[PDB]
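Written below as structure tokens is the structure these notes are about.
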Ligand SMILES: O=C(O)[C@@](O)(COP(=O)(O)O)[C@@H](O)[C@H](O)COP(=O)(O)O
Ligand SMILES: O=C(O)[C@@](O)(COP(=O)(O)O)[C@@H](O)[C@H](O)COP(=O)(O)O
Ligand SMILES: O=C(O)[C@@](O)(COP(=O)(O)O)[C@@H](O)[C@H](O)COP(=O)(O)O
């Protein structure tokens with residue numbers, strides 16, 4: 009059935025606002041927080057977003073008649089006002105499965121988030137959530153290994169894993185990096201790591217660092233009898249350079265490498281994820297740059313969307329915030345996306361900002377990593393918030409210990425184990441946290457010295473990203 | 009010279025606020041628009057930004073004594089209040105050359121923009137500009153070809169180049185795509201192109217599209233006698249897939265491919281840029297997703313920074329906005345970054361948002377591309393704003409013509425040439441624009457038909473991103 | 009929740025005949041034309057087919073307790089007699105998506121049709137149809153071109 | 160010669176449940192089976208690479224487990240790693256990693272994977288010193304009925320040409336169909352250099368092999384300790400006897416389940432070598448062994464009354 | 001400032017940096033495992049109490065991760081005394097072995113508990 | 001439920017899981033070999049009684065498979081006493097060696113018999 013072609017511009021709502029539409033189980037659904045310019049009706053704004061991110065443009069084109077636009081168009085099917093907000097709405101848009109390239113997070117974002125945020129007709133736009141249908145989820149590899157496999161390879165069970173970022177961030181030589189690494193690992197930490205911006209620089213070239221860090225990690229492992237790892241950074245300027253670094257890590261026989269997925273990019277990250285699966289390397293992921301995009305409530309993309317994208321592209325760990333540390337992260341929102349990263353199924357829950365029910369059809373879970381301004385006194389809270397399946401990282405919290413790295417590592421390991429034991433015995437980490445730490449200081453000089461130093465350090469400021 | 013190690017936290021301003029510092033010509037300079045939380049002094053906020061993006065952390069670490077922190081630390085050297093803004097400041101930070109990996113935009117952003125935007129102590133943060141020293145610029149390849157070489161390969165001189173995005177965005181088959189392409193090209197357009205989200209999908213696989221588009225472009229070129237191109241999209245889910253697509257374009261002997269640098273990523277983009285230089289392919293770059301980051305004045309990264317990053321990583325064209333079209337772009341800010349993309353030297357000019365003088369040491373210029381909601385009546389304004397060195401793209405503006413693609417192409421080519429001739433004769437495009445178009449409609453039926461349809465279409469809304 | 013391990017053989021129908029099961033949209037469904045040997049009840053024959061082509065064997069193994077067999081087992085969820093045929097039934101079996109390797113027809117047939125056709129307890133067996141869920145279909149490339157592209 | 164195993168049938172075990180176990184649990188089961196006396200353990204035929212257990216993780220954990228069992232017992236061990244895959248490329252990647260691990264044997268499902276892929280793998284195994292165990296999954300779809308299809312003996316000849324070091328041949332006494340005379344007929348066609356026409360065993364033509372190596376027949380499927388005398392008598396030393404449920408179904412676990420099977424086998428080999436009639440004295444030989452082997456006694460109690468007897472569809 | 005020792009300081013993963021568990025502390029850990037409905041199991045090792053690399057050096061490969069199973073996992077066990085009883089029995093049979101208690105979560109198929117319950121002389 | 005031992009449980013291939021062979025049981029095995037017309041031969045080893053991998057780790061490669069030949073295979077031997085006699089003689093010369101009896105089938109060129117006939121002290 010076809011009607012003639014009439015040149016000219018028509019309102020987007022005539023074709024793209026579809027309130028009677030019932031979503032299919034194969035549709036990708038998007039929840040957009042839309043703030044229209046004065047005089048632009050919410051139905052037109054939502055329709056414009058749906059049109060521009062799928063099949064339409066600003067004027068009528070005759071070529072629409074060569075296909076069946078009804079099966080390809082994006083559709084704004086529901087709109088709801090945002091409480092306690094001026095002229096802001098949550099618009100739900102449905103995208104047919106056929107619009108997306110299989111296994112490509114790059115393609116998915118290009119459509120949904122490519123051009124709509126710049127429309128003159130909108131003051132602001134934020135993507136809050138995406139319902140990824142199981143049929144699309146199956147086209148991705150997902151994490152190279154995932155929680156279960158990682159614990160099995162490393163033989164670590166019953167407690168959060170412990171890591172430490174070497175400091176200062178930049179400026180140390182390859183040999184000094186390895187020296188710091190051995191001292192941290194021998195004191196009880198499971199992992200040490202290159203900082204996110206440590207790639208290859210004049211003060212320390214990557215191959216020299218990989219070599220010295222391997223020597224240091226093997227020495228700490230032999231000394232303690234526990235498996236150790238040091239995340240070697242594969243982030244690089246080109247796909248080729250990234251691969252060369254991953255390849256040398258493979259040659260050294262180490263267990264884990266890392267990548268900055270947003271600054272390196274999805275295309276490069278997916279290549280690395282596949283390489284890690286093929287070569288048995290664990291992949292730690294940094295979310296460097298995420299706050300440029302996800303901090304403000306009125307504009308950008310919420311972190312939960314970036315977290316889902318990483319679980320599809322692939323990563324064994326991903327930084328998820330600390331809640332109590334130096335960087336922003338509200339408790340409920342955080343618990344919301346931590347479930348989205350670890351579980352196989354998460355039901356819609358607006359109180360935690362989860363707009364859609366999401367199933368993963370057995371795609372492996374990703375280990376959340378809490379890092380950034382945390383110390384021994386935060387241990388009970390961290391253990392309580394994240395539970396066993398998490399990695400807790402202490403950079404300044406280890407290298408800032410008055411007696412050095414090994415004692416700094418001991419303090420963190422003892423504090424963690426004291427909390428795990430207390431929790432397992434039935435104690436309330438939330439009510440008894442400080443008491444549990446104090447009790448441990450009676451027999452651990454290393455912990456006592458750490459507690460004295462950071463006793464009054466807290467990070468409390470109003471959050472910008474709230475439900 | 010060394011002082012003892014005292015564990016504990018100290019204010020960042022003690023080490024990172026350095027108002028007496030004279031910047032070196034090798035330093036990367038950053039201008040941050042900082043909005044501190046109540047009670048956080050601007051000097052401390054600026055110092056925190058400088059520390060966290062370079063060498064420091066939240067507490068004192070003994071390892072600082074193993075290096076010379078004075079030569080590696082980032083430094084907030086100047087702070088100025090923002091006029092007509094509450095508790096907002098422009099903080100200038102200097103980063104030594106040694107902190108960066110040569111030829112890696114990925115590494116540069118990881119440091120400068122990696123973690124600072126999420127500090128609990130800040131309400132908002134925006135990176136406005138970066139002064140890239142010539143010593144760092146020389147470590148990059150830059151555009152595979154650049155303006156001069158591109159005009160020389162295509163034999164096109166004396167006027168803006170003309171392109172057209174095929175519509176609907178998604179939903180057309182490979183054969184229908186080629187049919188639309190031939191009709192557009194034969195009417196006078198220099199280029200046609202895959203839309204940014206057209207990669208490889210169920211309705212049209214990439215190899216079929218490349219093949220039919222090559223057939224269509226060769227037919228239009230033989231018919232008209234003018235060199236033609238169709239940007240084939242190489243954007244893909246992995247580095248490997250991206251390379252396979254670029255390789256087939258090379259085999260077909262076509263002149264140009266395209267990539268979405270932000271959704272594909274810098275690592276993948278740099279790999280493609282190098283491949284294009286090695287194989288003589290022009291590289292058109294889409295900035296899909298940029299508005300998620302650069303729209304709001306209070307938080308994010310200004311587009312001028314993303315434009316500089318692309319000129320380093322590499323691209324022969326980059327979308328730059330239209331000013332008068334459907335997507336946001338203020339005239340002065342736009343002219344500012346267009347100069348940063350094309351010229352060898354641009355002097356500081358705060359009225360256009362240019363915070364630092366920037367030299368390029370002969371790195372090729374990039375052709376700005378105006379695309380998005382423009383039509384024949386905008387021609388005089390576009391020609392006046394961009395001048396000859398630009399590409400003007402009309403998607404709906406060609407395929408929305410009442411008589412079809414070839415006549416739609418003729419209308420755009422005639423309108424452009426009428427403007428070029430008028431300008432060359434000394435006429436004021438700004439004052440006489442409408443008259444010049446009307447005169448041309450007297451002898452061009454194709455232009456007259458287009459003018460009737462879009463006569464009253466304008467896009468005027470208040471801009472969010474202003475100087 | 010776990011019960012002890014009791015060594016020994018039990019009827020397949022105790023674990024694999026599941027008439028109250030509602031199929032999921034992600035399950036691969038199979039319609040088998042089953043002809044049991046005399047004395048083998050259709051429920052046991054259908055259950056044997058479901059067990060042997062998914063997770064079970066002929067005697068109880070303790071390792072079942074290391075996983076959650078409920079999420080992995082094949083299930084005979086429906087049986088219907090064949091009209092005008094002696095002692096022949098159509099048994100419907102459901103297989104969870106997780107049992108199959110993505111993009112591998114070889115793996116799909118190995119499970120569903122690998123060993124069940126030789127059971128001494130059956131006289132004959134024919135696979136009539138398979139419902140391939142869209143989630144599994146998406147893991148395959150399918151035709152290199154297809155009708156439209158070829159024309 | 161490579162494995163240094165002589166004078167008795169080889170013993171294997173298929174890990175169960177068929178699907179659903181993680182990579183680490185697979186290796187744990189493997190070590191326990193191997194340390195009790197079995198020569199081999201193996202991936203089930205449909206264990207390729209799935210959401211619950213990806214192939215590379217399995218290969219890695221199984222290698223760790225097999226090396227531990229070998230060091231503990233002093234006897235060479237193997238775990239057949241499944242190379243069956245969706246494409247030739249995937250199949251090759253799996254065979255290549257097995258080579259890297261230095262393990263001795265891989266497996267392939269020749270009918271579901273296909274002859275073209277099987278021949279490629281067979282050549283790769285010859286070039287890299289890997290033993291190749293072959294599963295006949297899907298054969299019964301083709302060879303069960305007497306009126307239509309292709310008899311298994313034709314599929315067995317095809318495998319000996321394409322290539323495989325072992326091939327499943329049926330058990331006769333187990334849960335899957337296989338008549339004694341027909342089976343002995345194709346077992347000769349798989350092992351010998353020359354087999355004369357013999358219509359009583361369904362051998363229509365005399366077949367010579369001009370020294371093409373023989374293939375080891377593998378009896379697997381519903382067999383247990385009480386079937387040992389019969390299996391030894393039917394197949395003789397050159398065979399592999401596999402006990403999946405027959406090992407993992409033992410009341411005391413895998414290692415004791417393995418011991419029960421190894422002891423039962425050796426008791427039969429010793430009795431046969433001494434001149435005893437396995438056919439007449441089978442039950443007595445097993446009972447005698449239970450007097451000194453608690454592991455065997457416990458297995459015998461459990462499976463005492465389990466037999467699989469139904470009329471066969473494929474008869475001469 | 002104390003220097004963290006270097007000699008004879010081998011560790012045993014979870015709970016090994018705390019003072020040795022008393023009888024009651026051990027029983028509490030077993031209770032925790034049973035209350036969460038995890039399946040208890042004992043493993044022992046006499047020859048290689050620590051991880052090493054003899055057969056391969058590729059990423060993620062280590063020898064010594066697998067120990068030997070004491071009997072079978074205790075499916076259906078609801079009494080901590082049964083576990084502690086098996087521990088004593090394992091100790092009497094293998095006084096020279098390291099013995100650990102693990103607890104399986106069968107839905108996720110991951111060990112949610114794992115700790116050393118007995119160490120031979122001089123460890 | 002008995003737990004299969006872990007220590008000092010090295011095995012020796014065929015017949016090694018049965019109670020040790022008595023003199024008569026050993027003689028019966030030798031008779032079996034001769035009745036089948038296989039050629040008997042003795043092999044002994046003092047240094048590496050078990051397989052290991054020192055020189056290579058590729059598929060199918062193991063060190064320790066080859067032992068040393070006692071004299072020569074007994075071509076034409078028809079009396080079990082001759083074999084048992086050589087066994088005693090080998091034992092007197094190498095009381096510290098593992099000694100096995102093998103039987104060759106020369107038409108197929110495969111060893112059809114192979115079993116340990118003597119083990120040194122503490123094995
Ligand atoms: O540079 C830093 O700040 C850190 O190295 C932590 O150092 P400290 O351990 O010394 O605090 C990063 O791991 C951030 O935590 C990343 O942030 P997020 O985890 O929120 O992505
Ligand atoms: O999807 C679109 O809107 C376009 O295809 C234009 O279509 P029309 O020509 O039909 O308007 C893109 O080129 C945008 O212009 C990109 O925005 P920017 O150039 O600002 O990056
Ligand atoms: O899935 C199964 O049934 C088995 O794993 C045996 O398990 P159990 O050892 O537990 O019986 C296969 O080896 C079949 O024996 C193949 O049949 P065939 O050998 O006739 O090709």
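Chains as they are written, first to last, in the authors' numbering: chain B, 9 to 475; chain B', 9 to 475; chain L, 9 to 159; chain E, 160 to 475; chain C, 1 to 123; chain F, 1 to 123. A prime marks a further copy of an entry chain. Virtual Cβ for every residue (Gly too), placed ideally from N, Cα, C.
Nearest-angstrom Cα separation, counted from residue j out to residue i
| i | j | result |
| --- | --- | --- |
| residue 149 of chain F | residue 110 of chain L | The structure shown does not extend to residue 149 of chain F, since chain F spans only 1 to 123, so no value can be given for it. |
| residue 20 of chain F | residue 52 of chain F | 25 Å |
| residue 372 of chain B' | residue 138 of chain B' | 19 Å |
| residue 358 of chain B' | residue 421 of chain B | 52 Å |
| residue 42 of chain C | residue 262 of chain B | 30 Å |
Residue i vs residue j beta-carbon contact at 9 Å
| i | j | result |
| --- | --- | --- |
| residue 180 of chain E | residue 74 of chain L | yes |
| residue 457 of chain E | residue 410 of chain E | yes |
| residue 8 of chain B' | residue 423 of chain B' | As displayed, chain B' neither begins before 9 nor continues past 475, which places residue 8 of chain B' out of reach and without an answer. |
| residue 15 of chain L | residue 68 of chain L | yes |
| residue 346 of chain B' | residue 135 of chain B' | no |
| residue 114 of chain B' | residue 323 of chain B | no |
Neighbour-count burial assignment, residue i, 16 or more Cβ in a 10 Å radius
| i | result |
| --- | --- |
| residue 2 of chain C | exposed |
| residue 241 of chain E | buried |
| residue 124 of chain L | buried |
| residue 22 of chain B | exposed |
| residue 408 of chain E | buried |
According to DSSP, residues forming a beta bridge with residue i
| i | result |
| --- | --- |
| residue 409 of chain B' | Answer by DSSP bridge pairing: none, since residue 409 of chain B' is not bridged. |
| residue 237 of chain B | B/199 |
| residue 375 of chain E | E/325 |
| residue 1 of chain F | Answer is none; residue 1 of chain F lacks a bridge partner. |
| residue 98 of chain L | L/41 and L/88 |
Nearest-angstrom beta carbon gap, residue j and residue i [assumed within contact, 8 Å]
| i | j | result |
| --- | --- | --- |
| residue 112 of chain C | residue 166 of chain B | 6 Å |
| residue 474 of chain B | residue 338 of chain B | 6 Å |
| residue 2 of chain L | residue 35 of chain L | Because residue 2 of chain L is not part of the residues shown, which for chain L are 9 to 159, the question remains open. |
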